[PDB]
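Encoded as structure tokens, the structure appears first; notes follow it.
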Amino acid sequence: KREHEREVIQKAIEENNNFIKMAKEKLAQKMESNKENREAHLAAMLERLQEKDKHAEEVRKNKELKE
Amino acid sequence: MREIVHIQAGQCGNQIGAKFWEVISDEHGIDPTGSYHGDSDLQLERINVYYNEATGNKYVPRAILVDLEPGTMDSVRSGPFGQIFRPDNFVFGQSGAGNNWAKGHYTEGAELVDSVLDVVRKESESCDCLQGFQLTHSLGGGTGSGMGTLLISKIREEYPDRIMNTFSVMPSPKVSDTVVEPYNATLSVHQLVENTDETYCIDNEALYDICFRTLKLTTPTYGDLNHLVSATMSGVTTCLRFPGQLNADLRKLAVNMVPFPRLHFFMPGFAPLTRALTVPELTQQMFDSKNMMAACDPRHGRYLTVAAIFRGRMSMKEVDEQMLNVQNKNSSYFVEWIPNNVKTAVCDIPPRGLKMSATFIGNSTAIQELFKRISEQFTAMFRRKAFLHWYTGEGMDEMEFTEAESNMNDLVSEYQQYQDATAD
Amino acid sequence: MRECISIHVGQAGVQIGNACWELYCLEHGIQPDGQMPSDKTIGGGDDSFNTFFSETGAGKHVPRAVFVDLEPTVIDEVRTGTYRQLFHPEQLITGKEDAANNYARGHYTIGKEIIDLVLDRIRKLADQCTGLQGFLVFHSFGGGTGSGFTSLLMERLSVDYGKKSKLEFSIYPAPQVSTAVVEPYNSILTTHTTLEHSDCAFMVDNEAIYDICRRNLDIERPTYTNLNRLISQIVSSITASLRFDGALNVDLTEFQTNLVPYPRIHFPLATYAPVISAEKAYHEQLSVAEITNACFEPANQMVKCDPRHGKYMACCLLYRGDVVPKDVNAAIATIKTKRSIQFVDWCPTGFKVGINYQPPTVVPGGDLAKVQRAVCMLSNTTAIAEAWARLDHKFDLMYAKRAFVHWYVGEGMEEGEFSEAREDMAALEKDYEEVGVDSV
Ligand SMILES: C=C1C[C@@H]2CC[C@@]34C[C@H]5O[C@H]6[C@@H](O3)[C@H]3O[C@H](CC[C@@H]3O[C@H]6[C@H]5O4)CC(=O)C[C@@H]3[C@@H](OC)[C@@H](C[C@H](O)CN)O[C@H]3C[C@H]3O[C@@H](CC[C@@H]1O2)C[C@@H](C)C3=C
Ligand SMILES: Nc1nc2c(ncn2[C@@H]2O[C@H](COP(=O)(O)OP(=O)(O)OP(=O)(O)O)[C@@H](O)[C@H]2O)c(=O)[nH]1
Ligand SMILES: Nc1nc2c(ncn2[C@@H]2O[C@H](COP(=O)(O)OP(=O)(O)O)[C@@H](O)[C@H]2O)c(=O)[nH]1
Ligand SMILES: [Ca+2]
Ligand SMILES: [Ca+2]
Ligand SMILES: [Mg+2]
């Protein structure tokens, strides 16, 4: 009975530590995935705008050639 | 504070832009010298949104004036409230655009854009917490249409996570016969679809029809049209300029109004058009096609979202009841798959002259009628490949014209798609 | 010991917090400067009001509270308002840019920039406690900060304080005073994320509070001020057992043991009476039986739903004022035989009763009549699920078209988080169905 008493108190401690552990890990992975996603969306947006800048160059370059 | 940076490009851009500043300056009680002489503390509560506070208790509009010719900005400097603008914020060239979109967006405009960005950057760096940008311009002319849309792309490149808002004046043969305007409009819409968060469609066709058929003034002037535009611009910015709970900033407005990124072109409305009106009268008129600043019948489509703004001392109980009554008796015209898509604001402070007024902001699928009108005028010329030497000579090819056309055609079909969508 | 720390998040949470702490001060005789003449022990004490108020050497009584918003304008009103001397500057935390009615911004983009600072300030409060009991968290469902930042905070609090109890006061959205079309999104998202981290949550339906103000107080168009003062009376009744002491008093943790049969079934329905104007309370003494009877009138509920069409798993009566057990028991006997009160077969049918002797107080210029006695009923009913169903339906209507979803995806979220949150709400609805079914 003494041993069972030790197991119960230890089990209560473990499940509390595990709850803290799981919540910590889930939050860390969510933050990281969200960071990657949002930066990926910004990168895509900027890249599209970069393409417009390049296109504008080909336009002006195409003008002086035609002259 | 959450500052907004205002940019006005081209003749139409600076014209309606200056009227805007004249009107709201009066509402916030600031004179042409930048001094405040108001009667309510509500006037200065959020004045930092549009104004910078210089020493000596001076209020300077956070505004940037742009054009490829010096003429337009001269009349602005000479006009009332002309001296209130920051002298260094006047950025203009000498060449001009000459109703050529290609010159504004690729040639002349590109050579002046860096000078404009420098000013935008100076203003933006001085902001406690920048909201975003609002641009006034026309889609018919070359500078506002061409360089205006170029400025949007450039600003968005340096401020990717800020809100980009425009007041776009749509061309109409009833007002201007420049002929190449359908081209400049389509090329512009092609840009606006991709790079703006929210655009107020100010339709010159609607403005003329209101002045002629409603206000009963034959041979209307640009003063008459811009009177409606300034009244509209005042209304749609009321929630940004005064203490409020609903749509108090640009991003919250966009989140309530834009369910899909490309569908961000709004139909603005105003009542009454000029005894005072009752709330039932204000409400019914604002949802009326004759009160729309865009030539589109809302009963030819369905509302995705709506923002209503009542101004003046009135019963909020009456407002709530009437707004509910409008949605109930017109449920067919509101998409069922967006619950509670109509939001209402009430500001105690009325506009000048009126005891009370209402401003309408609708994201209606019926806006496709405006684009269809432009598209038909576009294809009427482009199928002939007429007048294309203005643009090809600047380095453009037919490829861009086609893509701009089809993208605008896509936008139209996308409205029809969500118009035809159902819950079951 | 047994301190409680209150956390007020976003506009709704902050403004409701203003109402509660003002009401607390009046109930305990605490002045706006924080002084309390009746408190003879200076610098500290073990009194019941000390669960919510700490004390300085200068005799100031300070709320064990933190206010947090992603924008400044709402909390600035607190900083320069009537009770500005009550709060230490570091208890009031503000950013510059809000969540713009976007859960994603509140939980991620904007929230992550200020979360550590908030946790540091909370830690300072906790270090002053000799026996911290738990947290009371006030927030809206619909707001970007109320939804998004609350979820982040609750998750972080579980990590830093383990299973230390966390109670919620959550403002459920209503069209009469809503400010965003995406509130059903924000509501499902925060409910999913928070469900594992909250031990007990009291939902307040704004539409329910709105109707009660119009009907019972005859207010044509209720403001937040009207709603909040009513909500404060209900919150006060719920925490009265923690802040006062009496021979017939029963702690809130006592009711909580009865109110939460399973971890996920922790959403009590609150009902409060009497709500009545001064004009109508005059010459109108409302007895124990009358206010108790009103608790079973659905129109007096904090959430719109029909308990008469569900099953009870628990029923608690929180009385305050001139109330004796004799009259309470008599009133309960009548109600049992004349009301539609059906219990599940696996729980006892008795009503948990607690009585606090100190009568209700009202704020000056308020709408509520000052009454000799009041009661708050806390019931655990399956009908509360109806509130989930209504939100879930609005969620489904918009999500089937992916409307407004790009606003969330743009801030780094994935559609999988939407479907995952919605699935959890589906399971919650099923859970509430199953607990109601009779035993085999
Ligand atoms: C002339 C002038 C000269 C000046 C032109 C101003 C302006 C502003 C800028 O936008 C462009 C336009 O105007 C462009 O305007 C065009 C030239 C390039 C000019 O080119 C640009 C720029 O010039 C000319 C017009 O389109 C004038 C319109 C045309 O209706 C089609 C005409 C009947 C037509 O003769 C029959 N087929 O009634 C006129 C009706 C309009 O009058 C004007 C006033 C008259 C007009 O102010 C007020 C508006 C509010 C309106 C109602
Ligand atoms: N009862 C009550 N509800 C409120 C109050 N303030 C806002 N709400 C409700 O809360 C919801 C909006 O959320 P808010 O709390 O205002 O937004 P927030 O938490 O500040 O988050 P963001 O502003 O988006 O960053 C709406 O349903 C409002 O009706 C209030 O003072 N009392
Ligand atoms: N409502 C209104 N429309 C204008 C005004 N000025 C020009 N427009 C319209 O703008 C179009 C021409 O664009 P404009 O601004 O003149 O060319 P830009 O200088 O290159 O931008 C025409 O279709 C006009 O009808 C104005 O003051 N008010
Ligand atoms: Ca003491
Ligand atoms: Ca009445
Ligand atoms: Mg807020």
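Each chain in the structure tokens gets a letter, A, B, ..., in the order shown, and its residues are numbered from 1; ligands are numbered from 1 in order too.
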
>> Within 8 Å of ligand 5 (counting only C-alpha atoms and all ligand atoms), which residues show up? I'd like them as a PyMOL selection string.
In response: chain C and resi 218-220

Ligand 6 neighbours within 10 Å using only C-alpha atoms and all ligand atoms, as a PDB file with N, CA, C and O atoms, in the first residue's frame:
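Saved to part.pdb:
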```pdb
ATOM      1  N   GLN B 245     -16.855  52.923 -32.937  1.00  0.00           N
ATOM      2  CA  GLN B 245     -16.637  51.514 -32.628  1.00  0.00           C
ATOM      3  C   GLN B 245     -16.541  50.659 -33.885  1.00  0.00           C
ATOM      4  O   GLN B 245     -15.874  49.627 -33.897  1.00  0.00           O
TER       5      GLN B 245
ATOM      6  N   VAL C   9      -8.902  41.318 -21.181  1.00  0.00           N
ATOM      7  CA  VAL C   9      -8.293  41.301 -22.506  1.00  0.00           C
ATOM      8  C   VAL C   9      -9.182  41.927 -23.577  1.00  0.00           C
ATOM      9  O   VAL C   9     -10.325  41.510 -23.770  1.00  0.00           O
ATOM     10  N   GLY C  10      -8.648  42.923 -24.277  1.00  0.00           N
ATOM     11  CA  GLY C  10      -9.377  43.583 -25.346  1.00  0.00           C
ATOM     12  C   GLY C  10     -10.424  44.548 -24.826  1.00  0.00           C
ATOM     13  O   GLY C  10     -10.641  44.640 -23.620  1.00  0.00           O
ATOM     14  N   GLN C  11     -11.080  45.260 -25.740  1.00  0.00           N
ATOM     15  CA  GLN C  11     -12.058  46.277 -25.370  1.00  0.00           C
ATOM     16  C   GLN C  11     -13.149  45.745 -24.442  1.00  0.00           C
ATOM     17  O   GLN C  11     -13.364  46.287 -23.356  1.00  0.00           O
ATOM     18  N   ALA C  12     -13.837  44.689 -24.870  1.00  0.00           N
ATOM     19  CA  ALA C  12     -14.923  44.118 -24.077  1.00  0.00           C
ATOM     20  C   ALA C  12     -14.432  43.726 -22.687  1.00  0.00           C
ATOM     21  O   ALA C  12     -15.043  44.084 -21.678  1.00  0.00           O
ATOM     22  N   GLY C  13     -13.316  43.006 -22.642  1.00  0.00           N
ATOM     23  CA  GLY C  13     -12.739  42.573 -21.382  1.00  0.00           C
ATOM     24  C   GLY C  13     -12.301  43.729 -20.504  1.00  0.00           C
ATOM     25  O   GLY C  13     -12.459  43.687 -19.283  1.00  0.00           O
ATOM     26  N   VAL C  14     -11.751  44.768 -21.123  1.00  0.00           N
ATOM     27  CA  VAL C  14     -11.287  45.933 -20.379  1.00  0.00           C
ATOM     28  C   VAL C  14     -12.451  46.740 -19.810  1.00  0.00           C
ATOM     29  O   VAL C  14     -12.464  47.079 -18.630  1.00  0.00           O
ATOM     30  N   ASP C  69      -4.578  45.301 -23.952  1.00  0.00           N
ATOM     31  CA  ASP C  69      -5.217  45.534 -25.240  1.00  0.00           C
ATOM     32  C   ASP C  69      -4.124  45.796 -26.268  1.00  0.00           C
ATOM     33  O   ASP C  69      -3.062  46.314 -25.925  1.00  0.00           O
ATOM     34  N   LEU C  70      -4.372  45.435 -27.522  1.00  0.00           N
ATOM     35  CA  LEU C  70      -3.357  45.608 -28.554  1.00  0.00           C
ATOM     36  C   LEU C  70      -3.364  47.037 -29.103  1.00  0.00           C
ATOM     37  O   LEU C  70      -2.475  47.424 -29.860  1.00  0.00           O
ATOM     38  N   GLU C  71      -4.368  47.814 -28.710  1.00  0.00           N
ATOM     39  CA  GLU C  71      -4.386  49.249 -28.982  1.00  0.00           C
ATOM     40  C   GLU C  71      -4.586  49.996 -27.661  1.00  0.00           C
ATOM     41  O   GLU C  71      -4.947  49.385 -26.654  1.00  0.00           O
ATOM     42  N   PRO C  72      -4.353  51.318 -27.658  1.00  0.00           N
ATOM     43  CA  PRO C  72      -4.281  52.087 -26.411  1.00  0.00           C
ATOM     44  C   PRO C  72      -5.546  52.848 -25.991  1.00  0.00           C
ATOM     45  O   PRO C  72      -5.684  53.161 -24.809  1.00  0.00           O
ATOM     46  N   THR C  73      -6.442  53.147 -26.925  1.00  0.00           N
ATOM     47  CA  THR C  73      -7.502  54.123 -26.661  1.00  0.00           C
ATOM     48  C   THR C  73      -8.476  53.719 -25.550  1.00  0.00           C
ATOM     49  O   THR C  73      -8.961  54.575 -24.810  1.00  0.00           O
ATOM     50  N   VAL C  74      -8.762  52.428 -25.425  1.00  0.00           N
ATOM     51  CA  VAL C  74      -9.689  51.968 -24.394  1.00  0.00           C
ATOM     52  C   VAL C  74      -9.062  52.022 -23.001  1.00  0.00           C
ATOM     53  O   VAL C  74      -9.682  52.494 -22.048  1.00  0.00           O
ATOM     54  N   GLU C  97      -1.082  48.811 -32.347  1.00  0.00           N
ATOM     55  CA  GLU C  97      -1.915  48.329 -33.442  1.00  0.00           C
ATOM     56  C   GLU C  97      -2.744  47.137 -32.980  1.00  0.00           C
ATOM     57  O   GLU C  97      -2.203  46.205 -32.386  1.00  0.00           O
ATOM     58  N   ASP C  98      -4.050  47.156 -33.235  1.00  0.00           N
ATOM     59  CA  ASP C  98      -4.891  46.078 -32.724  1.00  0.00           C
ATOM     60  C   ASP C  98      -4.981  44.913 -33.709  1.00  0.00           C
ATOM     61  O   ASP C  98      -4.324  44.912 -34.750  1.00  0.00           O
ATOM     62  N   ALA C  99      -5.790  43.918 -33.360  1.00  0.00           N
ATOM     63  CA  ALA C  99      -5.861  42.678 -34.122  1.00  0.00           C
ATOM     64  C   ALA C  99      -6.806  42.800 -35.315  1.00  0.00           C
ATOM     65  O   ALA C  99      -6.956  41.860 -36.096  1.00  0.00           O
ATOM     66  N   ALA C 100      -7.437  43.964 -35.445  1.00  0.00           N
ATOM     67  CA  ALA C 100      -8.345  44.247 -36.555  1.00  0.00           C
ATOM     68  C   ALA C 100      -9.409  43.163 -36.734  1.00  0.00           C
ATOM     69  O   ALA C 100      -9.690  42.741 -37.858  1.00  0.00           O
ATOM     70  N   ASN C 101      -9.991  42.710 -35.625  1.00  0.00           N
ATOM     71  CA  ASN C 101     -11.055  41.707 -35.671  1.00  0.00           C
ATOM     72  C   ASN C 101     -10.588  40.391 -36.288  1.00  0.00           C
ATOM     73  O   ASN C 101     -11.382  39.629 -36.837  1.00  0.00           O
ATOM     74  N   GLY C 106      -4.313  38.536 -33.474  1.00  0.00           N
ATOM     75  CA  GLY C 106      -4.325  38.553 -32.022  1.00  0.00           C
ATOM     76  C   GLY C 106      -3.488  37.443 -31.416  1.00  0.00           C
ATOM     77  O   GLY C 106      -2.774  37.652 -30.436  1.00  0.00           O
ATOM     78  N   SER C 140     -13.912  39.050 -25.084  1.00  0.00           N
ATOM     79  CA  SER C 140     -14.950  38.756 -26.062  1.00  0.00           C
ATOM     80  C   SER C 140     -14.550  37.575 -26.940  1.00  0.00           C
ATOM     81  O   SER C 140     -13.369  37.236 -27.038  1.00  0.00           O
ATOM     82  N   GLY C 143     -13.873  39.669 -30.958  1.00  0.00           N
ATOM     83  CA  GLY C 143     -12.757  40.563 -31.212  1.00  0.00           C
ATOM     84  C   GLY C 143     -11.480  39.828 -31.560  1.00  0.00           C
ATOM     85  O   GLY C 143     -11.285  38.678 -31.162  1.00  0.00           O
ATOM     86  N   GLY C 144     -10.604  40.495 -32.304  1.00  0.00           N
ATOM     87  CA  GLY C 144      -9.338  39.905 -32.698  1.00  0.00           C
ATOM     88  C   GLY C 144      -8.431  39.673 -31.507  1.00  0.00           C
ATOM     89  O   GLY C 144      -7.700  38.683 -31.448  1.00  0.00           O
ATOM     90  N   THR C 145      -8.472  40.590 -30.548  1.00  0.00           N
ATOM     91  CA  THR C 145      -7.652  40.464 -29.352  1.00  0.00           C
ATOM     92  C   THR C 145      -8.336  39.547 -28.341  1.00  0.00           C
ATOM     93  O   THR C 145      -7.711  38.637 -27.793  1.00  0.00           O
ATOM     94  N   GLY C 146      -9.623  39.786 -28.111  1.00  0.00           N
ATOM     95  CA  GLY C 146     -10.395  38.970 -27.192  1.00  0.00           C
ATOM     96  C   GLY C 146     -10.337  37.494 -27.530  1.00  0.00           C
ATOM     97  O   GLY C 146     -10.278  36.651 -26.638  1.00  0.00           O
TER      98      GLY C 146
END
```

Could you please select, counting only C-alpha atoms, the residues of chain C within 10 Å of chain A and state them as an mmCIF file with C-alpha atoms, in the first residue's frame?
```cif
data_model
loop_
_atom_site.group_PDB
_atom_site.id
_atom_site.type_symbol
_atom_site.label_atom_id
_atom_site.label_comp_id
_atom_site.auth_asym_id
_atom_site.auth_seq_id
_atom_site.Cartn_x
_atom_site.Cartn_y
_atom_site.Cartn_z
ATOM 1 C CA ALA C 104 -4.750 35.334 -36.460
ATOM 2 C CA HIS C 107 -2.843 35.094 -31.507
ATOM 3 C CA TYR C 108 0.108 35.445 -33.885
ATOM 4 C CA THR C 109 1.179 38.596 -35.753
ATOM 5 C CA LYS C 112 3.419 37.556 -30.071
ATOM 6 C CA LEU C 152 -2.348 32.639 -26.662
ATOM 7 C CA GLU C 155 -1.989 28.441 -23.526
ATOM 8 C CA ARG C 156 1.003 30.284 -22.063
ATOM 9 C CA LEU C 157 -0.612 30.362 -18.613
ATOM 10 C CA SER C 158 -1.082 26.578 -18.644
ATOM 11 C CA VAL C 159 2.645 26.249 -19.310
ATOM 12 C CA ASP C 160 3.732 28.708 -16.615
ATOM 13 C CA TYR C 161 1.185 27.787 -13.927
ATOM 14 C CA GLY C 162 0.335 24.173 -14.758
ATOM 15 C CA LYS C 163 -3.214 23.148 -13.873
ATOM 16 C CA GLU C 196 -8.361 22.391 -22.959
ATOM 17 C CA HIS C 197 -6.967 25.272 -20.904
ATOM 18 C CA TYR C 408 -6.479 34.620 -41.764
ATOM 19 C CA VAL C 409 -4.309 32.734 -44.255
ATOM 20 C CA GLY C 410 -2.474 35.973 -45.011
ATOM 21 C CA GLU C 411 -1.464 36.162 -41.352
ATOM 22 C CA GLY C 412 0.031 32.665 -41.422
ATOM 23 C CA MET C 413 -2.928 30.435 -40.538
ATOM 24 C CA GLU C 414 -4.011 27.338 -42.470
#
```

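Within 8 Å of chain C, chain B contributes the residues residues 1, 2, 129, 245, 246, 247, 251, 252, 255, 256, 258, 259, 260, 261, 316, 317, 336, 337, 338, 339, 340, 341, 343 and 423 of chain B, using only C-alpha atoms.
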
Limited to N, CA and C atoms, could you put the picked residues into a file as a PDB file, in the first residue's frame?
```pdb
ATOM      1  N   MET B   1      -1.479  56.873 -32.045  1.00  0.00           N
ATOM      2  CA  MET B   1      -2.195  57.338 -33.227  1.00  0.00           C
ATOM      3  C   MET B   1      -2.001  56.376 -34.394  1.00  0.00           C
ATOM      4  N   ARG B   2      -2.949  56.383 -35.326  1.00  0.00           N
ATOM      5  CA  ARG B   2      -2.858  55.551 -36.520  1.00  0.00           C
ATOM      6  C   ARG B   2      -3.013  56.412 -37.768  1.00  0.00           C
ATOM      7  N   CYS B 129       2.239  55.095 -35.887  1.00  0.00           N
ATOM      8  CA  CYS B 129       1.859  53.755 -36.325  1.00  0.00           C
ATOM      9  C   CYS B 129       1.022  53.830 -37.597  1.00  0.00           C
ATOM     10  N   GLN B 245     -16.855  52.923 -32.937  1.00  0.00           N
ATOM     11  CA  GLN B 245     -16.637  51.514 -32.628  1.00  0.00           C
ATOM     12  C   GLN B 245     -16.541  50.659 -33.885  1.00  0.00           C
ATOM     13  N   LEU B 246     -17.223  51.095 -34.939  1.00  0.00           N
ATOM     14  CA  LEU B 246     -17.346  50.305 -36.157  1.00  0.00           C
ATOM     15  C   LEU B 246     -16.472  50.842 -37.284  1.00  0.00           C
ATOM     16  N   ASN B 247     -15.670  49.959 -37.876  1.00  0.00           N
ATOM     17  CA  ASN B 247     -14.813  50.313 -39.007  1.00  0.00           C
ATOM     18  C   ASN B 247     -13.989  51.572 -38.747  1.00  0.00           C
ATOM     19  N   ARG B 251      -7.991  48.712 -41.961  1.00  0.00           N
ATOM     20  CA  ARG B 251      -7.911  47.253 -41.992  1.00  0.00           C
ATOM     21  C   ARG B 251      -9.195  46.599 -41.477  1.00  0.00           C
ATOM     22  N   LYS B 252      -9.785  47.169 -40.431  1.00  0.00           N
ATOM     23  CA  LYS B 252     -11.046  46.645 -39.916  1.00  0.00           C
ATOM     24  C   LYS B 252     -12.155  46.827 -40.948  1.00  0.00           C
ATOM     25  N   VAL B 255     -11.611  44.134 -43.615  1.00  0.00           N
ATOM     26  CA  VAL B 255     -11.986  42.822 -43.105  1.00  0.00           C
ATOM     27  C   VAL B 255     -13.507  42.626 -43.101  1.00  0.00           C
ATOM     28  N   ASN B 256     -14.256  43.706 -42.900  1.00  0.00           N
ATOM     29  CA  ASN B 256     -15.716  43.635 -42.931  1.00  0.00           C
ATOM     30  C   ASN B 256     -16.291  43.699 -44.343  1.00  0.00           C
ATOM     31  N   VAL B 258     -14.395  42.971 -47.490  1.00  0.00           N
ATOM     32  CA  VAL B 258     -13.759  42.174 -48.538  1.00  0.00           C
ATOM     33  C   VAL B 258     -13.663  40.693 -48.178  1.00  0.00           C
ATOM     34  N   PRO B 259     -14.627  39.889 -48.658  1.00  0.00           N
ATOM     35  CA  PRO B 259     -14.674  38.442 -48.410  1.00  0.00           C
ATOM     36  C   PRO B 259     -13.682  37.674 -49.281  1.00  0.00           C
ATOM     37  N   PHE B 260     -13.392  38.218 -50.457  1.00  0.00           N
ATOM     38  CA  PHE B 260     -12.393  37.650 -51.355  1.00  0.00           C
ATOM     39  C   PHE B 260     -11.531  38.784 -51.889  1.00  0.00           C
ATOM     40  N   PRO B 261     -10.204  38.585 -51.890  1.00  0.00           N
ATOM     41  CA  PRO B 261      -9.209  39.640 -52.133  1.00  0.00           C
ATOM     42  C   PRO B 261      -9.469  40.482 -53.384  1.00  0.00           C
ATOM     43  N   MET B 316     -31.147  56.359 -32.465  1.00  0.00           N
ATOM     44  CA  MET B 316     -30.432  55.152 -32.861  1.00  0.00           C
ATOM     45  C   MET B 316     -31.374  53.952 -32.897  1.00  0.00           C
ATOM     46  N   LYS B 317     -32.421  53.998 -32.080  1.00  0.00           N
ATOM     47  CA  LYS B 317     -33.465  52.982 -32.125  1.00  0.00           C
ATOM     48  C   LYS B 317     -34.152  52.984 -33.487  1.00  0.00           C
ATOM     49  N   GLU B 336     -27.027  34.947 -48.530  1.00  0.00           N
ATOM     50  CA  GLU B 336     -27.372  34.287 -47.280  1.00  0.00           C
ATOM     51  C   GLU B 336     -26.157  33.649 -46.612  1.00  0.00           C
ATOM     52  N   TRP B 337     -25.117  33.367 -47.392  1.00  0.00           N
ATOM     53  CA  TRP B 337     -23.949  32.669 -46.861  1.00  0.00           C
ATOM     54  C   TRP B 337     -22.945  33.623 -46.216  1.00  0.00           C
ATOM     55  N   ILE B 338     -23.354  34.875 -46.035  1.00  0.00           N
ATOM     56  CA  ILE B 338     -22.603  35.810 -45.205  1.00  0.00           C
ATOM     57  C   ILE B 338     -23.545  36.458 -44.195  1.00  0.00           C
ATOM     58  N   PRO B 339     -23.740  35.794 -43.048  1.00  0.00           N
ATOM     59  CA  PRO B 339     -24.668  36.244 -42.005  1.00  0.00           C
ATOM     60  C   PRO B 339     -24.308  37.619 -41.454  1.00  0.00           C
ATOM     61  N   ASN B 340     -25.313  38.461 -41.236  1.00  0.00           N
ATOM     62  CA  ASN B 340     -25.108  39.763 -40.612  1.00  0.00           C
ATOM     63  C   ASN B 340     -24.047  40.584 -41.341  1.00  0.00           C
ATOM     64  N   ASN B 341     -24.194  40.704 -42.656  1.00  0.00           N
ATOM     65  CA  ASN B 341     -23.174  41.340 -43.482  1.00  0.00           C
ATOM     66  C   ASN B 341     -23.362  42.846 -43.647  1.00  0.00           C
ATOM     67  N   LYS B 343     -23.307  46.377 -41.612  1.00  0.00           N
ATOM     68  CA  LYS B 343     -22.910  47.042 -40.373  1.00  0.00           C
ATOM     69  C   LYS B 343     -23.286  48.520 -40.390  1.00  0.00           C
ATOM     70  N   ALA B 423     -26.795  28.890 -50.500  1.00  0.00           N
ATOM     71  CA  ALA B 423     -26.475  28.193 -49.257  1.00  0.00           C
ATOM     72  C   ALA B 423     -26.612  26.681 -49.411  1.00  0.00           C
TER      73      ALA B 423
END
```

> If we count only C-alpha atoms, which residues of chain B reach to within 12 Å of chain A? Please list them as a ChimeraX atom specification.
Replying inline: /B:102-111,149-162,191,194-195,389-400

> How would you write, as a ChimeraX atom specification, the set of residues no farther than 6 Å from ligand 1 when counting only C-alpha atoms and all ligand atoms?
Replying inline: /B:173-178,219-222

>> Using only C-alpha atoms and all ligand atoms, which residues have at least one atom no more than 7 Å from ligand 3? Output them as a ChimeraX atom specification.
In response: /B:9-13,15-16,67,97-99,137-145,169,171-172,175-176,181,204,222-223,225-226,229

>> Can you measure CA of residue 52 (chain C) to atom 25 (O, counted along the ligand's line) of ligand 2 for me? One decimal in Å is fine.
In response: 26.9 Å

Which polymer residues have any atom within 7 Å of an atom of region 322-335 of chain B, counting only C-alpha atoms, with same-chain residues fewer than 4 positions away left out, as an mmCIF file with C-alpha atoms, in the first residue's frame?
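Generated file (part-v8.cif):
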```cif
data_model
loop_
_atom_site.group_PDB
_atom_site.id
_atom_site.type_symbol
_atom_site.label_atom_id
_atom_site.label_comp_id
_atom_site.auth_asym_id
_atom_site.auth_seq_id
_atom_site.Cartn_x
_atom_site.Cartn_y
_atom_site.Cartn_z
ATOM 1 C CA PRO B 280 -36.858 56.069 -42.719
ATOM 2 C CA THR B 283 -32.465 54.812 -45.061
ATOM 3 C CA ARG B 299 -31.275 45.130 -57.652
ATOM 4 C CA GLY B 301 -27.154 41.895 -58.229
ATOM 5 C CA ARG B 302 -26.674 40.931 -54.593
ATOM 6 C CA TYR B 303 -24.833 42.535 -51.682
ATOM 7 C CA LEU B 304 -21.842 40.672 -50.255
ATOM 8 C CA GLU B 318 -35.069 54.320 -35.309
#
```

>> Hey, which residues sit close to ligand 4? Say within 6 Å, counting only C-alpha atoms and all ligand atoms, and write them as a list in words.
In response: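 After applying the 6 Å limit, what remains is residues 39, 41, 42, 44 and 45 of chain C.
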
>> Counting only C-alpha atoms and all ligand atoms, which residue out of B:119, B:187, B:253, B:135 sits closest to ligand 2?
In response: B:253

>> Write out as a ChimeraX atom specification the set of residues from region 73-288 of chain B that DSSP, computed on the backbone, places in strand (DSSP E).
In response: /B:90-92,132-138,163-170,198-203,265-271

>> Give me, as a list in words, all polymer residues having an atom no more than 6 Å from region 68-74 of chain B, counting only C-alpha atoms and skipping those fewer than 2 positions away in the same chain.
In response: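 With the cut-off at 6 Å, the set is residues 11, 76, 77, 92, 93, 94 and 96 of chain B.
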
> Can you tell me, as a count of residues only, what residues are no more than 12 Å from region 91-93 of chain C when counting only C-alpha atoms, ignoring any on the same chain fewer than 6 positions away?
Replying inline: 42

>> DSSP on the backbone, helix (DSSP H, G or I) only: what residues of region 5-178 of chain B does that give? Format it as a VMD selection string.
In response: chain B and resid 10 to 27 41 to 43 47 to 49 71 to 78 82 to 84 87 to 89 101 to 105 108 to 125 143 to 158

> Between CA of residue 420 (chain C) and CA of residue 173 (chain C), what is the distance, to one decimal in Å?
Replying inline: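 For CA of residue 420 (chain C) relative to CA of residue 173 (chain C), the distance reads 21.4 Å.
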
> Can you tell me, as a PyMOL selection string, what residues are no more than 8 Å from residue 166 (chain B) when counting only C-alpha atoms, ignoring any on the same chain fewer than 2 positions away?
Replying inline: chain B and resi 133-137+164+168+196+198-200

>> Would you pick out the contacts of region 288-301 of chain C at 8 Å or less, using only C-alpha atoms, so that residues sharing its chain but fewer than 5 positions from it are not included, and give the list as a list in words?
In response: residues 208, 212, 269, 270, 271, 272, 273, 274, 306, 307, 323, 327, 328, 330, 331, 332, 335, 339, 373, 374, 375, 376 and 377 of chain C
